[PDB]
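Fold and contact review
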Amino acid sequence: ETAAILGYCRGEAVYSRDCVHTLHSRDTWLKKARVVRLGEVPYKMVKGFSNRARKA
DNA sequence: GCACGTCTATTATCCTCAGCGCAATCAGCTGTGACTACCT
């Protein structure tokens, strides 16, 4: 989050492209033979694309 | 910058199987009338 700001376009800060990182869901970790520890707060919250969420 | 045509999607609902008791079905017997042939 402390990445240097290259500039401002119409008030919006422009960041470097090589700063994008991804994560995985609990089901994805399960496929990777890993189990999420109980009580852990999820690190990132994003709008999911699952059919159950899509119907909701 | 805005609206239209197009490509694609991280778990739900609906037509068909399984032992007993009641009703449907046939076999056998009889009635009712006539038809018909042989013998006394």
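Residues numbered from 1 in each chain as written, not as in the entry; some residues may be left out. Chains lettered and ligands numbered in written order. Part of a larger assembly, values for the part shown. Heavy atoms only, no water.

The deposited coordinates for this entry were obtained by cryo-EM, with a reported resolution of 3.6 Å.

1. Some remarks on the packing of aromatic side chains
For the record, the criterion: Stacked, edge-to-face and tilted are the three classes for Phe, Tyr and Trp ring pairs, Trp counted by its six-membered ring, which pair at centre distances within 6.5 Å; planes under 30 degrees apart are stacked, over 60 edge-to-face, the rest tilted. Criterion for a charge above a ring: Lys NZ or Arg CZ within 6 Å of the ring centre, and within 35 degrees of the ring normal.
The tally for this structure, following the rule as stated, stands at 0 aromatic pairs. Across the ring face of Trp 29, the terminal group of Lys 32 is positioned such that the distance to the ring centre comes to 5.4 Å.

2. Side note on the environment of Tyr 43
Keep this limit in mind: Numbering of helices and strands starts at the N terminus; helices are DSSP runs of H or I of at least 4 residues and strands are runs of E of at least 2.
For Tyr 43, the location among the structural elements is in the loop between α1 (26–31) and α2 (51–55). Along the backbone, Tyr 43 and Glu 1 are 42 residues apart, and their C-alpha atoms lie at a distance of 14 Å.

3. As for the layout of surface pockets
The condition is simple: Points on a 1 Å grid, built from protein atoms alone, make a cavity when a 1.4 Å probe fits but cannot get out and make a pocket when they are open with protein on both sides within 12 Å along at least 5 of 7 lines; residues with an atom within 4 Å of a point are the lining residues. Grid points are joined across faces, edges and corners, and a volume is the space filled by probe spheres set on the points. By the convention adopted, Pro, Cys, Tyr, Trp, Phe, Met, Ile, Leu, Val and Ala count as nonpolar, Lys, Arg, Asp and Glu as charged, and the other residues, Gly among them, as polar.
Taken as a whole, the largest pocket holds about 870 Å³ of empty space. Lining the largest pocket are 21 residues, and of these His 24, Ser 25, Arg 26, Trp 29 and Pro 42 lie nearest its centre. Taken together, the residues of the lining of the largest pocket sort by class into 11 nonpolar, 4 polar and 6 charged. Computed from the structure, the second largest pocket encloses a volume of approximately 360 Å³. Forming the walls of the second largest pocket are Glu 1, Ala 3, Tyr 15, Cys 19, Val 20, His 21, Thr 22, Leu 23, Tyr 43 and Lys 44. Tallied by class, residues from the lining of the second largest pocket come to 6 nonpolar, 2 polar and 2 charged.

4. Points about the protein's contact with DNA strand B
So the rule is basically this: Here a residue is considered near a molecule or strand provided that any single heavy atom belonging to it is located within 4 Å of it. The term polar contact refers here to a pair of N or O atoms within 3.5 Å; inside protein, the definition further demands a hydrogen-donor-capable atom paired with an acceptor-capable atom, and it admits residues adjacent in sequence only when both atoms are side-chain atoms.
Taken together, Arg 10, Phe 49, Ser 50, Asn 51, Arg 52, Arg 54 and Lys 55 make up the full set of residues near DNA strand B. A share of 91% of the atoms of DNA strand B within 4 Å of the protein falls on sugar and phosphate groups. Separating a phosphate oxygen of DNA strand B from a backbone N or O atom of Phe 49 is a distance of 2.8 Å. Take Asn 51: an N or O atom from its main chain is 2.6 Å from a phosphate oxygen of DNA strand B.

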